[PDB]
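Chemist: Protein chains in written order, with the deposited numbering: chain C, 19 to 204; chain A, 19 to 275, 288 to 555; chain B, 205 to 275, 288 to 403; chain E, 591 to 602.
Think of the CB as a built atom: it goes at the ideal place given N, C-alpha and C, for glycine as much as any other residue.
Just passing along the structure, written as structure tokens.
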Amino acid sequence: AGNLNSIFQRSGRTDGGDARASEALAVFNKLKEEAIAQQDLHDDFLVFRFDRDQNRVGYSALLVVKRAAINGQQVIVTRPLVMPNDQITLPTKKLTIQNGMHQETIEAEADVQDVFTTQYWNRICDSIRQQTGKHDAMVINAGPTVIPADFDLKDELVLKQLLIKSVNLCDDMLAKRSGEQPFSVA
Amino acid sequence: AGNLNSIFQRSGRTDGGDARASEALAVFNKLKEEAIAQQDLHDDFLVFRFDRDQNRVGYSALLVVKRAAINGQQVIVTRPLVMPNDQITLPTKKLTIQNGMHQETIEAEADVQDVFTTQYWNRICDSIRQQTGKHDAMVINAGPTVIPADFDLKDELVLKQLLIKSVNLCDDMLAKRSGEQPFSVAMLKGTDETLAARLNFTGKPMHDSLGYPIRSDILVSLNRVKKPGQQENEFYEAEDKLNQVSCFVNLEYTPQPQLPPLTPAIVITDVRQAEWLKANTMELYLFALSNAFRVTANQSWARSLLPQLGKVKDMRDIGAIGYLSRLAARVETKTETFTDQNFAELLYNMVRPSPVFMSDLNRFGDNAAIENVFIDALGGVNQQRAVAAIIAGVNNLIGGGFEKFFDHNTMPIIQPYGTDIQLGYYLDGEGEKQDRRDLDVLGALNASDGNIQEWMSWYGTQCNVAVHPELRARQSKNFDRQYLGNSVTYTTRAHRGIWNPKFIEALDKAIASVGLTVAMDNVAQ
Amino acid sequence: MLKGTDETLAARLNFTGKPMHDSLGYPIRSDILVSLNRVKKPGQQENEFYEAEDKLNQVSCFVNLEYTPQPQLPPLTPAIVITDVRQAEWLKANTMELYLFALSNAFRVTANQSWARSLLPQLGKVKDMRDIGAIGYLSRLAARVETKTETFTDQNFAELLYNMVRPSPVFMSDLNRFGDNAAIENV
Amino acid sequence: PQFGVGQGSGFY
């Protein structure tokens with residue numbers, strides 16, 4: 019499929035994917051707009067979707083993105099928010115364990131540390147670049163987080179704060195990249 | 019009078035449009051915006067209302083429109099969505115039938131085939147230019163389709179999906195005009211990857227973009243090209259499918275001047303790529319067609335004729351075949367004494383061993399941008415161009431060489447079947463939609479309960495094409511009311527044709543001959 | 205642009221007993237609607253691909269009566297009053313040329329004696345206002361003419377007109393500074 | 591018996 023996707027993903031779009039992830043994207047878009055209206059946040063950032071049916075992901079995620087051109091380099095900074103779902107079965111690792119004289123296998127669902135692999139990160143890089151248009155940009159990992167499966171999406175306050183904090187972490191990483199003067203005892 | 023459109027349209031705007039085109043525009047604009055909000059759709063394009071009032075058509079439509087300039091030319095790709103309105107009657111056409119020495123005229127309503135004339139399209143193009151400002155633009159026909167009057171417009175899910183699919187196709191056609199790279203066996207032929215395939219004896223129907231059922235006896239599934247031992251793509255889960263072809267097999271009662291009386295007419299009703307792939311091109315279509323060939327070439331389609339033993343309500347029960355055979359009776363297939371061996375014997379005496387491959391062709395179907403080349407390839411002013419496009423599509427799949435199997439100018443790719451197809455659906459005892467095509471030869475024999483004279487009247491209606499099609503359509507509808515029921519809804523009509531056996535030989539052998547080997551999953555029956 | 209080699213015009217005079225409404229839904233009095241249509245030869249027409257109508261324009265007229273005693289002529293001098301001028305709904309533009317072409321529709325309302333049909337009695341009305349029988353109050357009779365009943369003849373009607381109404385009406389119009397045609401009517 | 595042709599595009 020990957021050899022074909024190179025070009026047959028370019029033409030046309032589809033619907034689908036995890037409904038919880040769609041709800042999460044929608045509540046963040048709502049909160050984003052409320053924050054802009056109340057001047058808690060500037061309208062200078064984008065939120066993208068990272069999703070199952072497009073990227074073969076394991077866990078879906080929302081991506082908070084800031085951009086800057088630093089000394090000629092286009093830089094994208096992002097902070098993913100991973101979304102587990104209690105109604106979705108994930109593939110397991112087959113863990114073969116040499117228990118004394120006999121090997122037994124325990125299977126376990128991949129956790130967020132098993133899913134967010136270097137390559138998962140590389141697909142985040144590429145997905146954002148295609149959604150921002152900055153195809154040759156460098157991408158900074160501002161440190162991902164998780165929005166666990168278990169709970170009501172009704173805590174708009176928490177979600178608003180996660181967005182604000184994600185934006186701030188993204189700004190600090192661009193600031194580091196640009197040489198912002200360090201904190202010091204001075 | 020019609021030339022006063024040059025004055026009528028010079029300035030200003032008006033209050034107009036029919037109630038369905040008005041409602042349709044409102045829901046489609048809503049859906050566009052929600053798709054953008056959910057990030058499913060890109061915000062690079064426009065939706066337009068085409069009016070029967072403001073401009074020169076009998077039927078209003080919405081236009082799914084996308085644009086780009088390609089090498090200096092402004093190019094627009096449009097996929098019209100016809101909006102039939104149950105409250106609006108377009109003046110009928112006079113069908114004069116010369117019945118030997120008797121001349122009689124039947125008046126009838128224009129269907130989407132009669133409506134979508136060359137000028138209908140040209141008028142669609144002109145309106146778009148008025149609406150987009152691109153007065154010097156060229157417009158690409160992605161294939162008109164229709165969203166029928168009958169159902170309630172509140173199905174936002176389907177409507178969203180229609181926009182999604184229609185813009186997909188629009189992007190493909192801008193791309194293919196832009197010179198985008200073709201699908202090929204080389205992309206599938208990893209040095210470490212192989213194909214495999216199976217025949218699904220479904221027990222269920224499949225549904226088009228508006229949710230209407232499509233007859234299929236066998237769904238051919240071509241597995242994703244891959245091999246055990248290849249690197250696993252992280253923690254993923256996916257269906258191992260590349261594409262599929264939906265088909266059914268009838269048993270036509272055919273002439274002979288020693289063969290048995292029935293023909294294994296293998297009919298393709300639909301061609302789909304796996305859902306994970308977005309593009310819809312001729313190479314993808316053509317490659318998938320090989321799936322139907324293998325139905326009889328490697329595997330045996332006849333399993334689909336087995337009666338549903340133990341089920342009383344089998345309207346196409348093979349037992350009916352005894353009415354065309356020398357028995358003139360239904361075979362008792364309800365009994366514990368009916369065996370697989372007896373089934374095979376019925377077929378040994380009744381059904382011919384040589385398969386015939388044919389397919390539906392629909393200018394208004396889900397694949398209309400492509401269906402149209404295969405339809406024009408049947409004959410007419412541009413047959414040569416349509417044929418050239420089709421042979422080029424296969425050569426793109428194989429890297430050339432289709433021409434090493436046969437001459438396409440001696441052997442046109444698709445022949446006409448003559449008797450065309452009335453499409454529609456009927457409701458079953460629980461109110462579900464079922465394909466009207468169920469009254470096929472076995473179906474019709476059971477429907478008349480062995481009354482061969484009633485069967486033959488119907489059968490001649492479906493075979494003698496010296497009879498004007500209106501006369502045939504009227505009798506076909508009369509037969510559905512008596513045998514299928516009055517709960518029958520008719521939908522957009524379609525063409526049928528026969529795939530040239532040499533086209534088939536070349537497609538199947540050319541793919542195999544370049545190393546894209548496919549294994550059969552049903553290794554033995 | 206109208207003189208097609210395969211196109212001519214034709215017209216109809218409508219005598220229906222119903223009003224027109226203006227741009228905000230208010231009633232307009234008229235007796236006769238003059239409708240001018242485009243008639244084409246039955247060959248190939250653009251409308252083979254669509255539902256179509258032949259209306260080009262319309263002029264709405266009221267038939268008045270001016271009392272002109274001579275202390288002889290029939291005492292009432294009729295007039296054709298244009299109460300509205302419209303283009304067919306197919307044409308978005310409203311210009312001086314279009315207005316003037318349409319005005320010829322009022323002229324033709326007086327062909328023969330067609331305009332005088334507006335002076336007829338009509339079905340079953342027990343007491344209603346446009347009854348010609350009222351004319352008997354100005355005529356020698358000094359009485360309402362019994363016109364609404366089964367004993368009134370076509371001949372008696374013709375006689376009321378012969379003695380009371382002059383056969384050739386005056387053409388006139390109402391120009392509204394605030395109407396939809398005001399840009400033109402103001403000229 | 592005859593084949594009508596509509597206004598197809600892209601492939602011709």
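Could I get the ranges of all uninterrupted alpha helix (DSSP H) runs contained in the region 34-62 of chain A, with 4 residues as the minimum, in chain order?
Modeler: Listed in chain order, they are 37-55.
Chemist: In the DSSP assignment, find the unbroken alpha helix (DSSP H) run with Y378/A in it and report its ends.
Modeler: Start and end: 370-380.
Chemist: Are the CB atoms of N412/A and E401/A within a distance shorter than 8 Å?
Modeler: Result no, Cβ atoms of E401/A and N412/A do not sit closer than 8 Å.
Chemist: Please list, in chain order, the residues of the region 295-321 of chain B that have any C-beta partner in chain A closer than 7 Å.
Modeler: Cβ contacts with chain A come from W306, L307, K308, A309.
Chemist: If distances are taken between C-alpha atoms only, which option among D170/A, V95/A, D62/A, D210/A comes closest to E41/A?
Modeler: Residue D170/A is the option with its Cα nearest to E41/A.
Chemist: The beta strand (DSSP E) with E122/A in it runs from where to where?
Modeler: Segment 120-126, the beta strand (DSSP E) holding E122/A.
Chemist: If we define contact as Cβ-Cβ less than 8 Å, is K244/B a contact residue for chain A?
Modeler: By this cut-off, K244/B is an interface position.
Chemist: Please name the residue, chosen from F509/A, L376/A, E500/A, that lies closest to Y489/A on a Cα-to-Cα basis.
Modeler: Cα-wise, what sits closest to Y489/A is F509/A.
Chemist: Let me check understanding here. Comparing Cα to Cα, which of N310/B, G247/B, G221/B, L269/B lies closest to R31/A?
Modeler: Checked all of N310/B, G247/B, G221/B, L269/B; the closest Cα to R31/A is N310/B.
Chemist: Counting only the same chain and skipping the five closest in sequence on each side, list residues whose C-beta sits under 8 Å from that of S234/B.
Modeler: Counting only Cβ-Cβ distances below 8 Å, and skipping sequence neighbours, we find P223, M224, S264, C265, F266, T299, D300.
Chemist: My parser needs the alpha helix (DSSP H) runs of 4 or more residues fully inside the region 132-202 of chain A; what are they?
Modeler: As far as the region 132-202 of chain A is concerned, its whole alpha helix (DSSP H) runs of at least 4 residues are 136-150, 174-195.
Chemist: Would the beta-carbon of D144/A fall within 8 Å of that of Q92/A?
Modeler: Their beta carbons are not under 8 Å apart, which means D144/A does not touch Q92/A by this criterion.
Chemist: So is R511/A buried or exposed if we call it buried at 16+ other beta carbons inside 10 Å?
Modeler: So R511/A counts as exposed.
Chemist: Going by DSSP, what residues sit across from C265/A in a beta bridge?
Modeler: Beta-bridge pairing links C265/A to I236/A, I298/A.
Chemist: Compile a chain-ordered list of the residues in the region 98-129 of chain A whose CB is closer than 9 Å to at least one CB of chain C.
Modeler: So nothing in the stretch comes that close.
Chemist: Kindly indicate which residue of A204/C, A79/C, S202/C has the alpha-carbon position closest to the one of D36/C.
Modeler: Comparing Cα positions, the closest option is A79/C.
Chemist: Using the beta-carbon of each residue, which ones in chain A are nearer than 8 Å to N47/C?
Modeler: What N47/C touches in chain A: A55.
Chemist: Mind checking the region 135-148 of chain A against chain E and listing, in chain order, the residues whose C-beta falls within less than 8 Å of any C-beta there?
Modeler: If the cut-off is 8 Å between Cβ atoms, the region 135-148 of chain A has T135, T136, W139, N140 near chain E.
Chemist: Alpha carbon to alpha carbon, how far is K308/A from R28/C? Give it in angstroms, no decimals.
Modeler: Straight-line Cα distance between these residues: approximately 8 Å.
Chemist: Establish whether the CB of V75/A and some CB of chain B are separated by less than 8 Å.
Modeler: With 8 Å as the cut-off, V75/A counts as an interface residue toward chain B.
Chemist: By the DSSP assignment, the alpha helix (DSSP H) with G490/A in it spans what residues?
Modeler: Note, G490/A: alpha helix (DSSP H), 482-491.
Chemist: For a contact meaning CB atoms closer than 8 Å, what does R28/A contact in chain E?
Modeler: By Cβ distance, chain E contributes nothing, its closest Cβ being about 26 Å from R28/A, past 8 Å.
Chemist: So, with DSSP's three-state summary, where would you put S389/A?
Modeler: The answer is strand: DSSP assigns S389/A an E or B state.
Chemist: Using three-state DSSP, classify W331/B as helix, strand or coil.
Modeler: Helix at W331/B.
Chemist: Anyone know if the C-beta pair for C188/A and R97/A falls short of 8 Å?
Modeler: Yes, they are a contact pair.
Chemist: Within its chain, find whatever has a CB closer than 8 Å to the CB of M380/A; leave out the 5 residues flanking it on each side and keep chain order.
Modeler: Correct list, in chain order: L269, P290, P291, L292, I351, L354, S355.
Chemist: Answer with buried or exposed for residue 580/A, where buried requires no fewer than 16 other C-beta atoms within 10 angstroms of its C-beta.
Modeler: Only positions 19 to 555 of chain A appear in this structure, which leaves residue 580/A out of reach.
Chemist: Looking only at its chain, what residues have a beta carbon closer than 6 Å to the beta carbon of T163/C, apart from the 5 residues adjacent to it on each side?
Modeler: Within the same chain, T163/C has close Cβ partners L99.
Chemist: Please decide whether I25/C counts as near chain A, where near means a Cβ-Cβ distance under 8 Å.
Modeler: Chain A contact via Cβ: present.
Chemist: With a threshold of 16 other CB atoms inside 10 Å of the CB of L175/C, please say whether the residue is buried or exposed.
Modeler: Exposed, since its Cβ has fewer than 16 Cβ neighbours within 10 Å.
Chemist: Since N439/A meets chain E, which of its residues come closer than 9 Å, beta carbon to beta carbon?
Modeler: The premise fails here: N439/A is roughly 17 Å from chain E at the closest Cβ pair, so nothing lies under 9 Å.
Chemist: Any Cβ of chain E within less than 8 Å of the Cβ of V424/A?
Modeler: No - not a single Cβ of chain E is within 8 Å of the one on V424/A.
Chemist: With a threshold of 8 Å between beta-carbons, can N392/A be considered close to chain C, or not?
Modeler: Chain C contact via Cβ: absent.
Chemist: Between the region 330-339 of chain A and the region 242-260 of chain A, can you find at least three pairs of beta-carbon atoms closer than 8 Å?
Modeler: Segments in contact, no.
Chemist: State buried or exposed for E375/A, treating a residue as buried only when at least 16 other CB atoms are found within 10 Å of its CB.
Modeler: Under this definition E375/A is an exposed residue.
Chemist: What three-state label does DSSP hand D538/A in the structure shown?
Modeler: Helix.
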